[PDB]
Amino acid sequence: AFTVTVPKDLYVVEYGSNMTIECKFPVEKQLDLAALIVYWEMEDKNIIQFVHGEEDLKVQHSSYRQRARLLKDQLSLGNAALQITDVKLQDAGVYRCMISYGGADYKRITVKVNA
């Protein structure tokens, strides 16, 4: 059965720091981009939309522009790593990570910032 896995449900982090929220999905041998969809939202704000290898900066929410990046390096290891840099207080909430890979699941991640 297809199932998205989350190592850490809560992220405690600082203002101005860099965090990498992670989501594991089952990669068999070699990653078929033609089946892979990854989508991170937070409160219905589009943070990453990767569909079959294709992403568009224009569809990213204003809040998250130029700061927030899916790490492609990690995807062949079965890991949608969302990396935000220069973290702000307005970033903080329930992030949702949705993977499709011949089968679909999501998981929620809470993020608290300090200072």
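Counting begins at 1, following the sequence as shown. Rigid core here is just the name for the largest C-alpha set that superposes within 1.5 Å across the two forms.
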message: After superposing on the rigid core, which of 54-62 and 70-78 has its C-alpha atoms sitting farther from this form in 4 other deposited structures of this protein?
response: 54-62
message: Mean Cα B factor from the PDB record: higher for 56-64, or higher for 86-94?
response: 86-94
- prompt: Between 44-52 and 25-33, which has the larger average Cα B-factor in the PDB entry?
  reply: 25-33
query: According to the PDB entry, is the CA B factor of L77 in the bottom, middle or top third of its chain, that is, lowest, middle or highest?
result: highest
- request: State the tercile, meaning the lowest, middle or highest third, of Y101 with respect to the CA B-factors recorded for its chain.
  value: middle
- prompt: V111: which third of its chain by C-alpha temperature factor?
  reply: middle
